[PDB]
Amino acid sequence: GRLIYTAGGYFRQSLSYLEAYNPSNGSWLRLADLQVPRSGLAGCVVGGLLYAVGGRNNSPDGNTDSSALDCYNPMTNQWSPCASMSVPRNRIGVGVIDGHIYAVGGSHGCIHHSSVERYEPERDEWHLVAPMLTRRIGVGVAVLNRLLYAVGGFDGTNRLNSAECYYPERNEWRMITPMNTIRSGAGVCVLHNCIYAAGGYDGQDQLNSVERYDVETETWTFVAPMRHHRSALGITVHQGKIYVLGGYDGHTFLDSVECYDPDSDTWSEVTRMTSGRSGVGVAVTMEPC
Ligand SMILES: CN(Cc1cc([C@H](CC(=O)O)c2ccc3c(c2)nnn3C)ccc1Cl)S(=O)(=O)c1ccccc1
Ligand SMILES: [Cl-]
């Protein structure tokens, strides 16, 4: 559509915020709160509807991993509950193929999932598919040419540079070339023929580096680093540019929003979120009402 939506996230506790940024004019709009606060969720769009998937409610009265799927209709400014997933999935990644939502990995307490499940909006149903070859939480997910990619993350013991690809018609996962950088909670998205992985955490440091995988060459190449080191960032594509939103730099929960121009290989500061936060869900759709 035309707006970048940011849902949930974390600052001091899990957040219920839904806010929409308009790159055309720089404005932010605050919209209807999520029914349940959540950080470590993912956002996606199917048929112009915005979905918030998984996460965890870290609140002063308990911590609860979410198996929730909720649907935001920009036409009504209302959130509606959908069928819940088979399992809670905190620090989840998601991808959309052919109008179906894949929920990938994430944690439930000390359980780090390799499992994957697929949502069909037409029947409001989840179904498990083949699990990944690797347990991954803080996993980056993107879709390119109707193939689903799971990139980096944390397996319970180590942060990962590994990545793998799901071939739907074979219901099968296969490893791809690993990234040059260990990244957990990177922002992962697609632009042109490349899967980009921006920032993340390696067990020691939050990262500013950005690399991209060309499916034709099966190789990863670094591009210009972001202006800010950041893990648990939100990422999306809007008009052929990558936008990264918030995250954590080892010091501050960032309000910084940066944009990448692939043609000039440059990052620029574009706006600030209304407040600093990390672990948001982000996606793009039409403006409300
Ligand atoms: C930071 N968010 C949670 C989150 C963490 C990680 C990794 C997990 C890991 O590699 O173990 C992680 C862990 C620790 C990190 C890290 C990344 N970066 N710095 N530090 C110290 C990856 C994605 C998300 Cl959304 S969040 O915003 O949802 C959040 C923040 C505070 C408390 C709870 C959740
Ligand atoms: Cl968490």
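Chain A is numbered as in Swiss-Prot; shown residues: 325-613, in order.
This entry, so its header tells us, was determined using X-ray crystallography, 1.8 Å.
Keep in mind that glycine also has a Cβ here, set from the backbone N, Cα and C atoms.
Look at Swiss-Prot and you will find 327-372 tagged as repeat 'Kelch 1'. Per Swiss-Prot, the feature repeat 'Kelch 2' maps to 373-423. Among the features that Swiss-Prot reports, repeat 'Kelch 3' is placed at 424-470. The S-cGMP-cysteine annotation in Swiss-Prot covers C434. The site 'Sensor for electrophilic agents' annotation in Swiss-Prot covers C434 and is backed by experimental evidence. Annotation source Swiss-Prot lists repeat 'Kelch 4' at 471-517. Among the features that Swiss-Prot reports, repeat 'Kelch 5' is placed at 519-564. Marked as repeat 'Kelch 6' by Swiss-Prot: 565-611. Feature annotation from Swiss-Prot assigns S-(2-succinyl)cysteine to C613; the stated evidence is experimental evidence.
Against the repeat 'Kelch 6' (565-611), stretch 327-372 has more CB pairs under 8 A than any other of 327-372, 373-423, 424-470, 471-517. Counted within 10 Å of its Cβ, the other Cβ atoms near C434 (S-cGMP-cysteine) come to 6, all protein chains included. In sequence order, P398, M399, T400, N401 are the residues of the chain that are 6 or more apart from the residue listed as 'S-(2-succinyl)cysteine' and have a CB within less than 8 Å of its CB. DSSP states for the repeat 'Kelch 1' (327-372), grouped as helix (H, G, I), strand (E, B) and coil, give 0 helix, 24 strand, 22 coil.
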